[PDB]
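Below you'll find only one chain, the form deposited in one PDB entry, shown as structure tokens.
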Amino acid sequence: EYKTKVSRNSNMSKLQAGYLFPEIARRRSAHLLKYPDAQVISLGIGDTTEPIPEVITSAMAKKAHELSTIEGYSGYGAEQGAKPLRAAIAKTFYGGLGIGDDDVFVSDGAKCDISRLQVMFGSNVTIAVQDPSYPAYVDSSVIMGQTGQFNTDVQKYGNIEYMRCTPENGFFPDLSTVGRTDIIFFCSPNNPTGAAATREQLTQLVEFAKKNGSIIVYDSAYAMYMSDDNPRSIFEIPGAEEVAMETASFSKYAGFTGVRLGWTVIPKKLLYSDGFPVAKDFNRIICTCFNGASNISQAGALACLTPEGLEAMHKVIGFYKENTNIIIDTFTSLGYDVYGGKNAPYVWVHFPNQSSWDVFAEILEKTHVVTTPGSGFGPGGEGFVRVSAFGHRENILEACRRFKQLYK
């Protein structure tokens, strides 16, 4: 058979397996082959399940209709996003934090921004991540060439600072033990642990990044699930604007997982070591490597940031928060050390003395419930299982009775 003479990207070769979530989907498929008549309930991938509020979808349908009129048609937008949408995001989420409209970059969601930001930083930066954390930070790092080889002994790529977040440290890194890196990806409330950093901790994090001369990439995907009195934006920490940017999404707020709309904020005062503004390189990436978020998605996001839209999102979030309570109560009633599930739609359940992957297989096997194994979120996740709360109420309740029977 014919082969080209092009060498495979050696960074792609470094990757230890496929992406976590397709891997889980494979395993659930194999389970449906074994049990063809099983009633599978997925609490694995954190995908929203409830309909998008009408006020928002009417806004999208109206934009679609308008595209068939001479007056309403629009083509290429500003790749940063429509100005009224940047303004609404700037006012609504960062009002009083000194963020301008021109600091907001509208995207087709946060996973894409994470990789666009990794392209921008390039192959010579080193990164630190929460351990455990959402696997896209590590995987994108490997793909960009920022890392060594995977070491199977410790279960870690070389050259990544894994910042262990444990029950014994309150799921916040011990910063006095953390090596300096260029970038620090920091997710709060955290996926998978559910842990939301306090004001004092985030203060420490800014002080840490300021002294090490690092950039924090603050992932606030779950901030509007906040219950405790904790900061929802890193820019609430004075001095954050010199060391941090923030990336977020409408996915978990308006059910936009399929619709695709997020943003990144890069403050004017965030500068590389030569004084060059980081935002200006992001802007170049965004103009060259992207052609803007869908116009219909942007019209849906615009409608989200209005009194009716905010009320609708609060209702949605509230509903998933009530699912989370149900799951928490179940596991606590069962005598588990269960974490998170207060400030986030994830509960982080401790299964000590078992490997995550084995617990995943066991639950899937006995209860036809998909979970996500903790060690898919890095080596600090070993021994835990993340349980997602996105589901119809009846599905959540049924999964919980199934757990009660397995584990009684």
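Counting begins at 1, following the sequence as shown. Here the rigid core means the biggest group of C-alpha atoms that line up within 1.5 Å when the two forms are laid on top of each other.
Stretches 147-155 and 107-115 differ in mean C-alpha B factor, with the higher average recorded for 147-155. Relative to its counterpart among 31-39 and 44-52, 31-39 has the higher mean temperature factor, C-alpha atoms as listed in the PDB entry. Within the selection 132, 300, 307, 77, the deposited Cα B-factor values reach their highest point at 77. Per the PDB record, 337 has a higher Cα B-factor than any other of 236, 219, 281, 337. For residue 165, the recorded CA B-factor ranks within the highest third of the chain. Only modelled residues enter the ranking. Ranked by C-alpha B-factor against the other modelled residues of its chain, residue 242 falls in the middle third. Among the modelled residues of its chain, residue 86 has a C-alpha B-factor that falls in the lowest third according to the deposited record. Ranked by C-alpha B-factor against the other modelled residues of its chain, residue 295 falls in the lowest third. For residue 328, the recorded CA B-factor ranks within the highest third of the chain. Only modelled residues enter the ranking.
What comes next is about the form deposited in another entry, which does not appear here.
Just a single entry of 253, 137, 235, 162 exceeds or equals a 2 Å CA shift between the shown form and the other one, which is 253 (rigid core superposed). If you compare C-alpha positions, residue 255 and residue 339 are 3 angstroms or more closer together in the other entry than in the form on display. Note on residue 310 and residue 258: their C-alpha atoms are nearer in the other entry, a change of at least 3 Å from this conformation.
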